[PDB]
Amino acid sequence: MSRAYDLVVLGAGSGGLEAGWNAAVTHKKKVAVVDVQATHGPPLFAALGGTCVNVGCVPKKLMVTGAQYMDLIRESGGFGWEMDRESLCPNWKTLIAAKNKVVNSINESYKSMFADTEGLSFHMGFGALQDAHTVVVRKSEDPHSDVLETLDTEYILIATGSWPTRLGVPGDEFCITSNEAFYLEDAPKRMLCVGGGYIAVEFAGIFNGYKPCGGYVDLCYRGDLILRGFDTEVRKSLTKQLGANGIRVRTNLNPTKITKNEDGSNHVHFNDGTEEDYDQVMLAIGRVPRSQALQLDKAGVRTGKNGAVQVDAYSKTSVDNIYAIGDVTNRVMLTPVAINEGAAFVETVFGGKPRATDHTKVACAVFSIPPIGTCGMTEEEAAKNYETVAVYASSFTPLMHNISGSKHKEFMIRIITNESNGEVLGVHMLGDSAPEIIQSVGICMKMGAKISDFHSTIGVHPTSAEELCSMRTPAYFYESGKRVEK
Amino acid sequence: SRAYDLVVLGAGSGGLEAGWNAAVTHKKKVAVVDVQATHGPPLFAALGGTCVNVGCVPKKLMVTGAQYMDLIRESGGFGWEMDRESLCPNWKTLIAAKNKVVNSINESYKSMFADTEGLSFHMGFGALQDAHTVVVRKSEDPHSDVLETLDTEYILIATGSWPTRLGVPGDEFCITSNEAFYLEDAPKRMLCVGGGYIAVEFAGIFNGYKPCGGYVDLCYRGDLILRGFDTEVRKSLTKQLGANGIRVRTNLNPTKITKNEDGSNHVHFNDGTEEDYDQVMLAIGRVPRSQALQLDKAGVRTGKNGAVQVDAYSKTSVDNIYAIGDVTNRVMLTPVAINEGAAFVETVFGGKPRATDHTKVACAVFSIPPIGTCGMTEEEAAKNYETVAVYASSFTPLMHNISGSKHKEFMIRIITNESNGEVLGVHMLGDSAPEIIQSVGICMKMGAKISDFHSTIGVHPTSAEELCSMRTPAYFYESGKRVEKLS
Ligand SMILES: Cc1cc2nc3c(=O)[nH]c(=O)nc-3n(C[C@H](O)[C@H](O)[C@H](O)COP(=O)(O)OP(=O)(O)OC[C@H]3O[C@@H](n4cnc5c(N)ncnc54)[C@H](O)[C@@H]3O)c2cc1C
Ligand SMILES: Cc1cc2nc3c(=O)[nH]c(=O)nc-3n(C[C@H](O)[C@H](O)[C@H](O)COP(=O)(O)OP(=O)(O)OC[C@H]3O[C@@H](n4cnc5c(N)ncnc54)[C@H](O)[C@@H]3O)c2cc1C
Ligand SMILES: CC[C@@H](C)Oc1cc(N)nc(Sc2cccc(Cl)c2)n1
Ligand SMILES: CC[C@@H](C)Oc1cc(N)nc(Sc2cccc(Cl)c2)n1
Ligand SMILES: CC[C@@H](C)Oc1cc(N)nc(Sc2cccc(Cl)c2)n1
Ligand SMILES: CC[C@@H](C)Oc1cc(N)nc(Sc2cccc(Cl)c2)n1
Ligand SMILES: CC[C@@H](C)Oc1cc(N)nc(Sc2cccc(Cl)c2)n1
Ligand SMILES: CC[C@@H](C)Oc1cc(N)nc(Sc2cccc(Cl)c2)n1
Ligand SMILES: CC[C@@H](C)Oc1cc(N)nc(Sc2cccc(Cl)c2)n1
């Protein structure tokens with residue numbers, strides 16, 4: 001070859017590694033993977049494995065499974081599990097500790113992958129494009145810093161992911177993000193989760209589980225109803241159920257000023273003009289793509305909306321040899337997608353047989369308490385897009401919650417079909433095991449299954465999922481975008 | 001002509017569904033016979049069927065109770081500190097809280113018959129007089145007082161099934177699923193006999209509710225528990241019951257039982273061991289419940305232990321008489337009996353005929369941990385289809401590194417036909433396996449292929465996302481022979 005390495009991957013991400021690994025193993029290419037550190041934690045947070053492994057899907061989910069024990073301990077008494085309810089409070093310390101261990105052992109698990117894989121090489125620093133075939137690595141985030149390596153390559157892949165959006169407000173410095181939340185010293189007593197994204201909610205769940213006895217948690221959204229882009233009816237039942245679990249949801253209310261107090265605590269001036277004191281305050285505003293210092297303009301790769309790399313369906317950028325995936329594109333900011341985008345890139349480029357990722361009918365989930373599983377069109381956007389649609393609903397309280405005493409925990413299902421053909425466009429579920437159920441739904445919808453296939457499949461009694469196969473007569477319809485009965 | 005357009009013998013999961021549908025969607029005059037209105041002994045079964053009163057409902061509640069044992073224990077790893085000295089639960093407050101819940105269904109159902117015109121409940125022992133008549137009697141003695149005499153166009157037999165006993169000296173001193181539900185106290189020293197889904201579910205329950213110092217033994221005459229399930233699933237489970245403290249015992253059934261001076265039950269074994277247990281449950285299985293209906297009076301046929309002889313549209317030996325659910329002995333699940341009984345209503349009363357699809361029925365075992373399975377076992381698949389490919393994947397969920405239950409391996413095993421890529425079977429052991437499998441059994445109802453499975457996008461992080469990563473078979477079968485690659 002004319003060059004040194006075949007591939008370079010900026011960012012050792014869920015998407016990045018998958019690509020880098022596959023190219024190196026199934027195609028034996030020489031592949032380098034750049035990231036900013038090897039083990040998780042501050043100051044950089046993200047590390048080997050990506051945002052999902054170090055400060056996302058893994059640690060998050062562990063804490064969520066921790067926070068659930070609050071309910072499950074409480075629920076147990078109804079089935080005759082008697083015990084000391086005076087020791088009401090958990091230990092945040094022993095959770096974070098136990099979490100770190102687990103996340104850490106992945107970073108180990110990955111180091112020895114690069115060691116064990118020939119072709120694959122990890123390169124710790126800040127990746128930056130020199131030109132279309134060269135990638136500078138630097139020790140410091142300052143672009144003028146010491147230059148650590150200079151990688152030469154046929155193809156470049158940008159899997160640098162995304163970074164928390166701040167709100168530019170007086171006192172922003174004193175707030176935290178998803179990233180900092182994971183390495184908090186102690187459990188916040190008086191907590192304020194700002195925003196209404198899936199992060200905002202997941203975390204409100206977590207802190208509400210791990211609050212010290214006497215603490216409370218406030219959610220705070222500028223809009224009307226939390227989690228836009230989800231089935232409104234699901235969003236409401238959830239907004240209630242967070243309430244029922246003790247999360248004080250607050251709407252049409254964002255803060256305007258934050259000021260640190262003489263005892264360390266954070267004082268918050270609000271939208272309406274309220275003043276309040278919280279130990280911590282987290283910003284789940286969202287995530288901007290992480291392209292802001294890579295020097296894309298040096299190479300001729302294009303930025304669009306907040307650095308979103310400009311990319312076609314086969315993941316190719318402005319420059320022919322350069323590609324980009326996952327969160328930096330801003331197509332869909334989930335891992336399984338980024339993995340697939342990065343797998344498809346390897347078959348396209350190195351594997352001969354080209355292919356692009358199918359972004360329709362991607363199932364996904366929110367690990368709130370209780371959690372949501374959704375795949376497909378929201379009923380609002382479905383009736384607007386397709387001419388005639390039929391909306392099926394079903395809410396039931398599981399039989400067990402008569403005994404557990406959590407009668408607030410309504411399991412909900414909402415199927416949204418095209419009426420003409422009977423095809424399932426969307427399925428929306430709130431309740432425990434909704435993330436597990438939905439996956440297998442998203443397979444049915446990948447085939448484009450119809451409501452006939454759903455109800456006319458035999459049941460698995462007793463489950464929550466068996467109420468997919470009973471959904472027969474629509475609760476109501478839409479006729480040309482018009483909320484209709486007939 | 002007739003005073004009822006249909007009589008149901010047995011207010012069952014299948015029965016009610018049929019009786020309700022005929023009465024409501026078709027406005028027929030329908031009577032439903034059962035032996036009582038509320039749950040409990042001596043009869044156990046009541047309004048709602050075996051599932052509602054002494055099956056899927058109470059069982060599942062107890063299972064959800066028994067889980068709390070693990071979940072309490074597991075919580076400590078995530079920093080849930082508390083008094084572990086009070087190690088033991090309260091069986092009494094569980095049974096109590098269970099009864100309430102099952103009871104409120106029996107209420108829920110009484111007022112259905114009240115609120116539904118056409119629908120009428122008739123408490124007694126149903127018995128065929130002839131092809132159009134159904135005698136109701138107060139006592140189980142066939143010669144007893146005659147309470148009603150129902151006349152009808154069509155008769156449906158949804159009388160379900162009854163626990164198989166083992167004819168052994170001391171059988172009287174044992175219990176069944178039915179009695180288990182109304183036990184006074186939690187058995188300390190317990191012996192679950194057999195290796196059916198009941199046997200296992202219950203071993204799970206008693207092991208959760210044992211007093212501190214008690215133990216639970218499982219006991220099967222065969223090699224490996226739960227025949228008819230994926231062998232590799234059956235083993236990982238047999239280990240995991242062990243790991244939870246259930247002492248599994250194989251090639252060992254008892255031969256004599258004798259009650260002791262302090263009430264307890266003493267058990268002579270297959271191998272010749274002697275042991276003492278507080279209670280001993282028999283999950284041998286369930287024979288159809290046709291043994292006193294006088295089918296021979298009407299000309300309906302019995303076969304293997306009363307199994308009603310029935311065609312695909314659920315029609316029996318006599319044209320106007322039909323039978324469903326457990327009494328047929330096709331598949332002894334509720335969702336099936338419901339569908340068999342729904343299909344019967346469209347066939348007879350609804351004009352448009354239809355028969356129930358017994359292939360690719362998903363189902364589950366609520367062990368701890370539970371199984372979800374739909375389709376062919378790998379053994380029977382390779383024997384039946386020429387070339388098959390078996391995909392496997394066992395992982396330990398990320399959380400069990402912290403909870404300290406590292407024994408809890410979530411397992412998945414897909415079994416395909418290799419020629420076409422079609423998914424014949426899917427087998428899952430682990431928490432949320434029953435919820436996941438339902439949505440699988442929809443894919444397999446369409447006859448989905450392994451291409452559709454792996455090439456669907458993931459829902460990270462779940463157990464179910466490891467269905468959409470299953471790409472290269474661990475091994476194959478070529479004309480019934482265990483092999484890696486072919487020809
Ligand atoms: C709190 C949180 C929770 C989440 N939860 C879920 C969930 O439950 N389910 C789900 O499906 N998805 C979840 N996600 C989404 C998931 O993390 C991402 O969508 C996915 O990892 C995107 O892949 P990517 O390769 O584009 O970025 P990532 O996989 O995140 O890779 C980013 C990597 O690039 C490196 N990098 C960035 N810039 C540079 C540079 N200049 N030089 C060198 N290296 C660099 C970083 O150090 C990092 O390791 C979550 C995200 C967050 C933040
Ligand atoms: C412990 C246990 C657990 C179970 N768990 C599950 C599970 O988790 N999932 C699942 O799918 N299935 C389960 N089953 C199976 C389920 O209970 C039955 O297979 C199902 O209810 C069959 O429906 P059916 O209408 O045929 O009969 P059933 O619903 O069993 O109907 C029986 C009814 O008929 C009545 N009857 C009996 N004799 C007469 C007569 N001579 N005259 C009038 N009425 C009569 C009885 O009083 C009874 O109420 C379980 C069974 C048991 C015993
Ligand atoms: C009931 C709807 C009626 C009050 O109209 C509403 C309601 C609402 N919450 N926000 C608006 S406009 C709006 C948009 C973004 C942020 C905020 Cl605080 C308000 N209009
Ligand atoms: C202009 C708003 C900008 C600073 O970003 C913000 C501000 C805010 N209060 N909440 C969010 S999160 C958010 C709020 C409403 C709807 C949706 Cl979809 C997201 N983003
Ligand atoms: C097909 C679902 C339908 C039976 O509704 C449900 C769901 C559920 N979890 N429990 C019940 S109570 C119930 C009534 C009759 C038979 C059985 Cl097995 C259960 N009904
Ligand atoms: C109880 C009658 C005896 C002869 O037969 C037994 C004995 C026993 N321990 N378990 C059962 S139930 C059972 C045993 C093996 C395979 C299967 Cl599929 C079921 N039947
Ligand atoms: C392949 C091992 C070889 C001994 O075959 C085996 C093993 C076993 N446990 N039981 C049998 S026959 C058998 C069937 C029912 C009950 C009993 Cl105790 C034995 N054959
Ligand atoms: C046979 C492969 C099986 C063990 O899967 C593996 C392999 C491995 N090295 N780490 C894991 S850890 C893990 C944690 C949560 C979910 C899943 Cl699917 C896996 N699983
Ligand atoms: C792609 C492997 C995937 C299907 O298995 C799983 C499942 C799970 N719950 N956690 C993991 S750990 C992990 C490995 C790579 C990227 C990410 Cl985001 C997580 N792997």
# chains A, B, ... in the order shown; residues from 1 in each chain; ligands from 1

$ interface_residues --of "chain B" --to "chain A" --cutoff "7 Å" --atoms "only C-alpha atoms" --output "ChimeraX atom specification"
/B:56,61,65,68,72,75,78-83,86,89-91,93-94,97,334-336,361-364,399,402,432,434-436,438-440,442-443,445,452-453,456-465

$ select_by_dssp --residues "range 2-108 of chain A" --states "strand (DSSP E)" --output "list in words"
residues 5, 6, 7, 8, 9, 10, 31, 32, 33, 34 and 35 of chain A

$ residues_near_ligand --ligand "ligand 8" --cutoff "6 Å" --atoms "only C-alpha atoms and all ligand atoms" --output "list in words"
residues 393, 394, 395, 396, 397, 398 and 466 of chain B

$ atom_distance --atom1 "CA of residue 60 in chain B" --atom2 "CA of residue 13 in chain B"
16.1 Å

$ residues_near_ligand --ligand "ligand 7" --cutoff "12 Å" --atoms "only C-alpha atoms and all ligand atoms" --output "list in words"
residues 194, 195, 219, 220, 221, 222, 223, 224, 225, 227, 249, 250, 251, 252, 253, 254, 269, 270 and 271 of chain B

$ write_last_selection --atoms "N, CA and C atoms" --output "mmCIF file, in the first residue's frame"
data_model
loop_
_atom_site.group_PDB
_atom_site.id
_atom_site.type_symbol
_atom_site.label_atom_id
_atom_site.label_comp_id
_atom_site.auth_asym_id
_atom_site.auth_seq_id
_atom_site.Cartn_x
_atom_site.Cartn_y
_atom_site.Cartn_z
ATOM 1 N N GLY B 194 -41.930 -35.352 41.419
ATOM 2 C CA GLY B 194 -42.170 -35.254 39.980
ATOM 3 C C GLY B 194 -41.281 -34.199 39.361
ATOM 4 N N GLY B 195 -41.360 -34.070 38.039
ATOM 5 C CA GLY B 195 -40.567 -33.090 37.293
ATOM 6 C C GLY B 195 -41.355 -32.442 36.181
ATOM 7 N N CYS B 219 -37.789 -34.355 43.386
ATOM 8 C CA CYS B 219 -37.608 -35.795 43.259
ATOM 9 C C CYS B 219 -38.301 -36.318 42.007
ATOM 10 N N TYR B 220 -37.515 -36.825 41.067
ATOM 11 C CA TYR B 220 -38.000 -37.191 39.753
ATOM 12 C C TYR B 220 -37.590 -38.631 39.479
ATOM 13 N N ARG B 221 -38.444 -39.416 38.825
ATOM 14 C CA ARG B 221 -38.048 -40.790 38.473
ATOM 15 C C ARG B 221 -37.082 -40.835 37.282
ATOM 16 N N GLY B 222 -37.156 -39.832 36.403
ATOM 17 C CA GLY B 222 -36.274 -39.735 35.231
ATOM 18 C C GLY B 222 -34.924 -39.079 35.494
ATOM 19 N N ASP B 223 -34.171 -38.879 34.417
ATOM 20 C CA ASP B 223 -32.774 -38.448 34.504
ATOM 21 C C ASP B 223 -32.708 -36.970 34.759
ATOM 22 N N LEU B 224 -33.352 -36.220 33.869
ATOM 23 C CA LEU B 224 -33.294 -34.766 33.842
ATOM 24 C C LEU B 224 -34.720 -34.206 33.906
ATOM 25 N N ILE B 225 -34.966 -33.265 34.818
ATOM 26 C CA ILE B 225 -36.309 -32.699 34.976
ATOM 27 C C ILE B 225 -36.860 -31.995 33.727
ATOM 28 N N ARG B 227 -39.037 -32.991 30.892
ATOM 29 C CA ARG B 227 -38.915 -33.482 29.517
ATOM 30 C C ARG B 227 -39.841 -32.678 28.603
ATOM 31 N N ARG B 249 -33.147 -34.216 43.168
ATOM 32 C CA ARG B 249 -32.859 -35.629 43.278
ATOM 33 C C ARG B 249 -33.483 -36.353 42.092
ATOM 34 N N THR B 250 -32.712 -37.233 41.463
ATOM 35 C CA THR B 250 -33.154 -37.890 40.235
ATOM 36 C C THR B 250 -33.111 -39.408 40.424
ATOM 37 N N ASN B 251 -33.721 -40.119 39.468
ATOM 38 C CA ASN B 251 -33.922 -41.586 39.495
ATOM 39 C C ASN B 251 -34.275 -42.112 40.865
ATOM 40 N N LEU B 252 -35.316 -41.503 41.394
ATOM 41 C CA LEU B 252 -35.684 -41.697 42.753
ATOM 42 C C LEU B 252 -37.124 -41.245 42.880
ATOM 43 N N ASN B 253 -38.019 -42.214 43.042
ATOM 44 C CA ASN B 253 -39.392 -41.976 43.463
ATOM 45 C C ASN B 253 -39.701 -42.739 44.746
ATOM 46 N N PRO B 254 -40.643 -42.252 45.577
ATOM 47 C CA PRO B 254 -40.911 -42.991 46.810
ATOM 48 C C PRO B 254 -41.790 -44.220 46.608
ATOM 49 N N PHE B 269 -37.913 -44.579 50.200
ATOM 50 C CA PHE B 269 -37.559 -44.174 48.838
ATOM 51 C C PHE B 269 -37.301 -45.337 47.869
ATOM 52 N N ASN B 270 -37.150 -44.957 46.604
ATOM 53 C CA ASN B 270 -36.680 -45.800 45.501
ATOM 54 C C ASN B 270 -35.406 -46.594 45.799
ATOM 55 N N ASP B 271 -34.355 -45.882 46.205
ATOM 56 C CA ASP B 271 -33.060 -46.495 46.550
ATOM 57 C C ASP B 271 -33.049 -47.197 47.917
#

$ residues_around --residues "residue 208 in chain A" --least-positions-apart "3" --cutoff "12 Å" --atoms "only C-alpha atoms" --output "ChimeraX atom specification"
/A:63-64,66-71,89-90,92,187-193,201-205,211-219,242-248,368-369

$ residues_near_ligand --ligand "ligand 3" --cutoff "8 Å" --atoms "only C-alpha atoms and all ligand atoms" --output "list in words"
residues 222, 223, 224, 225, 251, 252, 253 and 254 of chain A

$ select_by_dssp --residues "range 255-398 of chain B" --states "helix (DSSP H, G or I)" --output "number ranges by chain"
B: 295-298, 334-348, 378-384

$ closest_residue --among "B:416, B:390, B:273, B:404" --to "residue 483 in chain B" --atoms "only C-alpha atoms"
B:390

$ closest_residue --among "B:99, B:3, B:118, B:184" --to "residue 134 in chain B" --atoms "only C-alpha atoms"
B:3

$ residues_near_ligand --ligand "ligand 1" --cutoff "6 Å" --atoms "only C-alpha atoms and all ligand atoms" --output "PyMOL selection string"
(chain A and resi 10-16+34-36+46-52+55-57+125-127+159-161+178+199+294+325-328+333-336+338) or (chain B and resi 459-461)

$ residues_around --residues "residue 419 in chain A" --least-positions-apart "6" --cutoff "10 Å" --atoms "only C-alpha atoms" --output "list in words"
residues 386, 387, 388, 389, 390, 391, 451, 474, 477, 478 and 479 of chain A

$ write_last_selection --atoms "N, CA, C and O atoms" --output "compact mmCIF listing (two decimals), in the first residue's frame"
# COMPACT_ATOMS: atom_id res chain seq x y z
N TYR A 386 -49.82 9.00 7.34
CA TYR A 386 -50.71 8.04 6.67
C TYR A 386 -52.15 8.56 6.70
O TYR A 386 -52.56 9.16 7.69
N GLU A 387 -52.91 8.30 5.64
CA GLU A 387 -54.25 8.89 5.51
C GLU A 387 -55.22 8.44 6.61
O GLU A 387 -55.71 9.27 7.38
N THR A 388 -55.47 7.13 6.66
CA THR A 388 -56.39 6.53 7.63
C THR A 388 -55.62 5.66 8.63
O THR A 388 -54.89 4.75 8.21
N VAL A 389 -55.77 5.94 9.94
CA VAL A 389 -55.14 5.12 11.00
C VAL A 389 -56.13 4.74 12.11
O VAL A 389 -57.12 5.44 12.36
N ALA A 390 -55.82 3.61 12.76
CA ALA A 390 -56.62 3.04 13.85
C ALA A 390 -55.74 2.87 15.07
O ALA A 390 -54.67 2.26 14.98
N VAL A 391 -56.18 3.39 16.21
CA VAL A 391 -55.40 3.37 17.44
C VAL A 391 -56.04 2.41 18.44
O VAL A 391 -57.19 2.63 18.85
N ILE A 451 -51.74 -6.12 12.42
CA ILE A 451 -52.54 -6.32 13.64
C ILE A 451 -53.25 -7.68 13.63
O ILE A 451 -53.48 -8.25 14.69
N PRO A 474 -60.27 -1.30 17.60
CA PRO A 474 -59.71 0.02 17.93
C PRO A 474 -60.56 0.86 18.87
O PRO A 474 -61.77 0.93 18.68
N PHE A 477 -60.10 6.10 15.91
CA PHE A 477 -59.35 6.22 14.62
C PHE A 477 -58.90 7.66 14.31
O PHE A 477 -59.26 8.61 15.01
N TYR A 478 -58.13 7.80 13.24
CA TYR A 478 -57.91 9.10 12.59
C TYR A 478 -58.19 8.97 11.09
O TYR A 478 -57.64 8.09 10.42
N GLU A 479 -59.05 9.87 10.58
CA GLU A 479 -59.43 9.97 9.15
C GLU A 479 -58.82 11.24 8.54
O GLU A 479 -59.34 12.34 8.76

$ atom_distance --atom1 "CA of residue 329 in chain B" --atom2 "CA of residue 308 in chain B"
7.8 Å

$ residues_around --residues "residue 368 in chain B" --least-positions-apart "3" --cutoff "12 Å" --atoms "only C-alpha atoms" --output "PyMOL selection string"
chain B and resi 60+62-71+197+200-208+236-246+364-365+371+407-410+429-434

$ write_last_selection --atoms "N, CA and C atoms" --output "tab-separated table (two decimals), in the first residue's frame"
chain	number	residue	atom	x	y	z
B	60	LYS	N	-48.85	-17.71	40.41
B	60	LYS	CA	-48.01	-16.59	40.04
B	60	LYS	C	-47.79	-15.61	41.20
B	62	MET	N	-47.77	-16.24	44.51
B	62	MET	CA	-46.80	-16.90	45.39
B	62	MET	C	-45.36	-16.87	44.81
B	63	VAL	N	-45.25	-17.14	43.51
B	63	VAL	CA	-43.96	-17.08	42.82
B	63	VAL	C	-43.36	-15.67	42.93
B	64	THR	N	-44.20	-14.65	42.80
B	64	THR	CA	-43.73	-13.26	42.91
B	64	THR	C	-43.34	-12.95	44.35
B	65	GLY	N	-44.00	-13.61	45.29
B	65	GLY	CA	-43.62	-13.58	46.69
B	65	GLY	C	-42.27	-14.23	46.90
B	66	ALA	N	-42.14	-15.46	46.42
B	66	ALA	CA	-40.91	-16.23	46.62
B	66	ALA	C	-39.68	-15.55	46.05
B	67	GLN	N	-39.85	-14.80	44.96
B	67	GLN	CA	-38.75	-14.03	44.36
B	67	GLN	C	-38.17	-13.02	45.32
B	68	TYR	N	-39.02	-12.37	46.10
B	68	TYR	CA	-38.55	-11.32	46.99
B	68	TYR	C	-37.39	-11.81	47.86
B	69	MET	N	-37.37	-13.10	48.20
B	69	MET	CA	-36.20	-13.71	48.86
B	69	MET	C	-34.88	-13.35	48.22
B	70	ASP	N	-34.79	-13.61	46.92
B	70	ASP	CA	-33.58	-13.30	46.15
B	70	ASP	C	-33.35	-11.79	46.08
B	71	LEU	N	-34.42	-11.05	45.78
B	71	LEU	CA	-34.35	-9.61	45.48
B	71	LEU	C	-33.98	-8.78	46.71
B	197	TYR	N	-43.91	-28.96	35.11
B	197	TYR	CA	-43.79	-27.51	35.35
B	197	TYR	C	-44.35	-27.11	36.71
B	200	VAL	N	-41.81	-27.99	39.64
B	200	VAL	CA	-40.72	-27.04	39.67
B	200	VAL	C	-41.16	-25.68	40.19
B	201	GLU	N	-42.28	-25.19	39.68
B	201	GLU	CA	-42.78	-23.88	40.10
B	201	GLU	C	-42.88	-23.86	41.63
B	202	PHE	N	-43.52	-24.91	42.16
B	202	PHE	CA	-43.79	-25.04	43.59
B	202	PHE	C	-42.53	-25.23	44.42
B	203	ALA	N	-41.61	-26.07	43.96
B	203	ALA	CA	-40.32	-26.16	44.63
B	203	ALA	C	-39.74	-24.75	44.82
B	204	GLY	N	-39.80	-23.93	43.76
B	204	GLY	CA	-39.50	-22.50	43.84
B	204	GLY	C	-40.20	-21.76	44.98
B	205	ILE	N	-41.54	-21.88	45.03
B	205	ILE	CA	-42.39	-21.22	46.07
B	205	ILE	C	-42.01	-21.61	47.50
B	206	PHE	N	-42.03	-22.91	47.79
B	206	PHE	CA	-41.76	-23.42	49.15
B	206	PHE	C	-40.37	-23.07	49.64
B	207	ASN	N	-39.42	-23.07	48.71
B	207	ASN	CA	-38.03	-22.67	48.94
B	207	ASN	C	-37.88	-21.19	49.31
B	208	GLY	N	-38.79	-20.37	48.80
B	208	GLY	CA	-38.89	-18.95	49.18
B	208	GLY	C	-39.51	-18.75	50.55
B	236	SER	N	-29.08	-26.16	32.79
B	236	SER	CA	-28.79	-24.85	33.43
B	236	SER	C	-29.82	-24.52	34.53
B	237	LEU	N	-31.08	-24.88	34.31
B	237	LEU	CA	-32.11	-24.72	35.33
B	237	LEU	C	-31.88	-25.67	36.51
B	238	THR	N	-31.70	-26.97	36.23
B	238	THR	CA	-31.44	-27.98	37.28
B	238	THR	C	-30.26	-27.57	38.19
B	239	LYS	N	-29.23	-26.96	37.59
B	239	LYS	CA	-28.12	-26.38	38.36
B	239	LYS	C	-28.62	-25.21	39.23
B	240	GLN	N	-29.31	-24.25	38.58
B	240	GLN	CA	-29.74	-22.99	39.23
B	240	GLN	C	-30.76	-23.14	40.37
B	241	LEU	N	-31.54	-24.22	40.35
B	241	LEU	CA	-32.40	-24.58	41.47
B	241	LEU	C	-31.51	-25.01	42.62
B	242	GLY	N	-30.52	-25.87	42.31
B	242	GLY	CA	-29.43	-26.22	43.22
B	242	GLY	C	-28.83	-24.98	43.84
B	243	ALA	N	-28.34	-24.08	42.99
B	243	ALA	CA	-27.70	-22.84	43.45
B	243	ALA	C	-28.57	-21.98	44.37
B	244	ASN	N	-29.89	-22.06	44.20
B	244	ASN	CA	-30.87	-21.39	45.09
B	244	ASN	C	-31.23	-22.18	46.34
B	245	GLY	N	-30.74	-23.41	46.45
B	245	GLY	CA	-30.91	-24.22	47.65
B	245	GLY	C	-31.94	-25.33	47.52
B	246	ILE	N	-32.44	-25.57	46.31
B	246	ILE	CA	-33.34	-26.71	46.09
B	246	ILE	C	-32.46	-27.93	45.85
B	364	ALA	N	-44.59	-20.78	29.04
B	364	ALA	CA	-43.57	-20.48	30.06
B	364	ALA	C	-43.68	-21.30	31.35
B	365	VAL	N	-42.56	-21.41	32.06
B	365	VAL	CA	-42.48	-22.08	33.36
B	365	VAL	C	-42.02	-21.06	34.38
B	371	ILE	N	-38.54	-20.00	32.56
B	371	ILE	CA	-38.29	-20.39	31.17
B	371	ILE	C	-39.39	-19.82	30.29
B	407	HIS	N	-24.51	-17.08	39.64
B	407	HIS	CA	-25.14	-18.28	39.08
B	407	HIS	C	-26.24	-18.02	38.02
B	408	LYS	N	-26.81	-16.81	37.98
B	408	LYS	CA	-27.99	-16.51	37.15
B	408	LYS	C	-27.63	-16.18	35.70
B	409	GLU	N	-27.45	-17.24	34.94
B	409	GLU	CA	-27.06	-17.18	33.55
B	409	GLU	C	-28.33	-17.07	32.72
B	410	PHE	N	-28.44	-15.98	31.97
B	410	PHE	CA	-29.52	-15.86	30.99
B	410	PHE	C	-29.07	-16.62	29.75
B	429	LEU	N	-33.99	-19.30	29.06
B	429	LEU	CA	-33.99	-19.36	30.50
B	429	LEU	C	-33.47	-18.03	31.02
B	430	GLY	N	-34.21	-17.43	31.95
B	430	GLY	CA	-33.77	-16.22	32.64
B	430	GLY	C	-34.92	-15.28	32.94
B	431	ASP	N	-34.65	-14.26	33.74
B	431	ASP	CA	-35.69	-13.34	34.18
B	431	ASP	C	-36.15	-12.55	32.96
B	432	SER	N	-37.47	-12.34	32.89
B	432	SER	CA	-38.20	-11.76	31.74
B	432	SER	C	-38.27	-12.64	30.49
B	433	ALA	N	-37.92	-13.92	30.60
B	433	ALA	CA	-38.08	-14.85	29.48
B	433	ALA	C	-39.55	-15.07	29.07
B	434	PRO	N	-40.46	-15.23	30.05
B	434	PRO	CA	-41.90	-15.30	29.67
B	434	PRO	C	-42.45	-14.06	28.94

$ closest_residue --among "A:153, A:109, A:100, A:39" --to "ligand 9" --atoms "only C-alpha atoms and all ligand atoms"
A:109

$ residues_near_ligand --ligand "ligand 4" --cutoff "8 Å" --atoms "only C-alpha atoms and all ligand atoms" --output "VMD selection string"
chain A and resid 165 to 168 194 to 197 221 to 223 226 to 229 253 to 255 284 to 286

$ atom_distance --atom1 "CA of residue 354 in chain B" --atom2 "CA of residue 317 in chain B"
18.4 Å
